[PDB]
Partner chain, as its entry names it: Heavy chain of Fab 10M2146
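One chain comes next, on its own, written out as structure tokens in the form deposited without the partner chain.
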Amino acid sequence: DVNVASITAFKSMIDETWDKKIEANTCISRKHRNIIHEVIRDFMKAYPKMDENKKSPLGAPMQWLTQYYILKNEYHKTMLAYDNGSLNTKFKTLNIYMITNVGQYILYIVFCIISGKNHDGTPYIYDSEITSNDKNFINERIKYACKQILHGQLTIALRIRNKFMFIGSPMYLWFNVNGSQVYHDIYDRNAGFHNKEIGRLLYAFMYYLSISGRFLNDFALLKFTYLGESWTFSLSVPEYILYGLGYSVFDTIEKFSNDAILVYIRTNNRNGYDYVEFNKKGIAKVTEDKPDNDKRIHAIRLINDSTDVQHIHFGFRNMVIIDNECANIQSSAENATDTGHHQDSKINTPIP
């Protein structure tokens, strides 16, 4: 299953943005984020499982991490061959240190991910490591890969002095990864990344994952699954988390309580957002049409009464959804606001 639509859309995005200089507030638009999100998800879907004769006994998702699988992934092959190979040729000119333009940033980060390559050129996992039963060894390699996607983007942000460019590390790259360790490994060692005008969506993504681990066990209130990769939540779930991890509100969503959730799915005609509400335990299935890339949203406001006041702002309207006006994107409790609801319509391990 090769979704060529996302390939075509990706190529056109790169054409539009190739020569667009990254400035202080520059961010990736809703449309472009949604294209990026589709590309990573469509890459995964094209070769979604390991082969029985070349399988990790740990259950590490080597189909998305190794050349053995990626080189036979038909989405990867079609993407790298598209338009006479033009995107692959562009990609090979790039590295972290020279990137200055939006389309260079997007192409480099994305093509590294869907090629299974670290920024230093090494594969995330070597083919000879696929079958390893050494959990600590494999865990360390995946943690490195996950961190370097984010660290490389922070290095770019600090050099250019940019606030809002952001592509996440997809969920499969968090195999046994401790989000508090990722956060502290990076932030404890570079004071420049703390500047409030630098790397704010990267910060928001990592900060949330530093306080809310992937598997919350009995504290989990929600669970998402895509192609066997699951994640749990007990707070509101900002769009920067769902976009960053590669999850969709059209994925398998399970509720473990009867708290209300508001699942935001699309922009409307009133400078607002449309959402579906769910309350009961079990599967929460959005049956509305999938919006186009220009309009699609992925965000959840969780409503309960035991959420700590220090965490309530993750569900605030203008933080839980990424503003399409780059300069006004919210990224922490200092700037999160919960105003504007009259424009919206109802359609119907770290532990917090």
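Residue numbers count along the first chain shown, from 1.
Legend: mean Cα B-factor per stretch from the PDB entry, 91-99 versus 197-205; the higher mean is in 91-99. Averaged over CA atoms, B-factors in the entry run higher in 116-124 than in the other of 162-170 and 116-124. Across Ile303, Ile300, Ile28, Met62, the greatest Cα temperature factor reported in the deposited entry is at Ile303. For the set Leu150, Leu235, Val182, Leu242, the PDB entry puts the maximum C-alpha B factor at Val182. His313: CA B factor in the middle third of modelled residues in this chain (values from the PDB entry). Sorting the modelled residues of the chain by their CA temperature factor places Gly192 in the highest third. In the PDB entry, a CA B factor belonging to the highest third of its chain's modelled residues is recorded for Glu325.
Ranked by C-alpha B-factor against the other modelled residues of its chain, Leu71 falls in the middle third. In this PDB entry, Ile14 carries a Cα temperature factor that places it within the middle third of its chain's modelled residues.
The form deposited with the partner chain bound is left out here; the points below concern that form.
Here the chain stands by itself, but in the bound PDB entry one stretch of 76-84, 247-255, 139-147, 262-270, 139-147, has heavy atoms within 4.5 Å of the partner chain. Looking at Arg189, you'd find a heavy atom of it within 4.5 angstroms of the partner chain in the bound PDB entry.
Among heavy atoms of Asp134, some come within 4.5 Å of the partner chain in the bound PDB entry.
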